[PDB]
C-alpha cells in the first residue's frame, strides 16, 4: 500500500525497536525444522538493518527471545557468531555501529569475544546504531538500576533527593540511547513480554500477524506508514 517513496516524504522515527517473534512457527508452517526458522530470521535481520539504515533510522534495536531442547539452545547461542561472520564486513562498510544490551554473562566466552570485537570494529563508525538485545529483561534492568543507585547512596556519592526520572534513565542499559518512538512486534502476540518497560512509556506500538522470517521490506514499510498516519490524525491529543 505504502511505497518507499511515500514513506520517505514523511517522518522517520529515530529509534525503532522490533520484537522478532515467530521464527519457529514459520518453520512449522514450512514443514521445516525449528533451527531453519532461526537461520532464516537471521537473514531478515540483515535486510531490516539495510533498509532502516537507508531510511535514515538512527537506532535499530532488535530483540531475540530467551527452555527448548538443548540442541536448539546451543544453536541459538551460536547465531551471533554466524551473523557477525557473514555480515560484519558490510556492516562496517555501511557505517553501522554494532551494540549490545542484556546480561552478557549468559553467553560463552567465545561468543562474547566475537561480539565484543564486532563492537570495537564498528565503534569508530558514526552511522546507524544496530542494538542487539540479548538475555535482556525489562524488570531486571530496572531492579539493577535501583541497586546501583542504592550503592552510590550507600557509599555517599549520591543523595536520594537527586534521584529523578532523568537520572534513573542514565542507569538503564540504554543510557546513551533516546527512547524508541516506535515499537514493532511480529507474530501476532499483543504483549510487551518484559521488553523495555521503562523506555516504551510513550512509544507508538505497531503489532502485526506477520512472522519475523516473512517480515520483509514491504511489511516494514507498512508499519512505518502506520506510524506516520498516526501523526496525521485530527481531534484531541
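Residue numbers count along the first chain shown, from 1.
**Student:** May I ask whether residue 187 is missing from the deposited models in at least a third of the other compared entries?
**Tutor:** Negative; every one of those entries includes residue 187.
**Student:** Can you tell me whether residue 66 lacks a model in a third or more of the other compared entries?
**Tutor:** Yes.
**Student:** Using the PDB record, quantify the missing residues of the deposited sequence between residue 66 and residue 67 as none, 1 to 3, 4 to 9, or 10 or more.
**Tutor:** The entry has 4 to 9 unmodelled residues between residue 66 and residue 67.
**Student:** Comparing 77 to 85 with 144 to 152, where is the mean C-alpha B-factor higher?
**Tutor:** Higher of the two, by average CA B-factor, is 77 to 85.
**Student:** Look up the CA B-factors in the entry and say which stretch, 160 to 168 or 117 to 125, has the higher mean.
**Tutor:** For C-alpha atoms only, the mean B-factor is higher in 117 to 125.
**Student:** Lowest, middle or highest third: which one holds residue 110 when the chain's residues are ordered by CA B-factor from the entry?
**Tutor:** Top third by C-alpha B-factor.
**Student:** By the recorded C-alpha temperature factor, relative to the other modelled residues in its chain, which third is residue 176 in?
**Tutor:** Its C-alpha B-factor, which the entry lists for residue 176, ranks in the highest third among residues of this chain.
**Student:** Determine, from the deposited record, the chain-internal third of the Cα B-factor for residue 135: lowest, middle or highest.
**Tutor:** Ranked within chain, residue 135 CA B lands in the lowest tercile.
**Student:** For residue 70, does the deposited CA B-factor place it in the lowest, middle or highest third of the chain?
**Tutor:** For residue 70, whose C-alpha B-factor we compare with every modelled residue in the chain, the answer is the highest third.
**Student:** Would the CA B-factor of residue 20 place it in the lowest, middle or highest third of its chain?
**Tutor:** Middle third by C-alpha B-factor.
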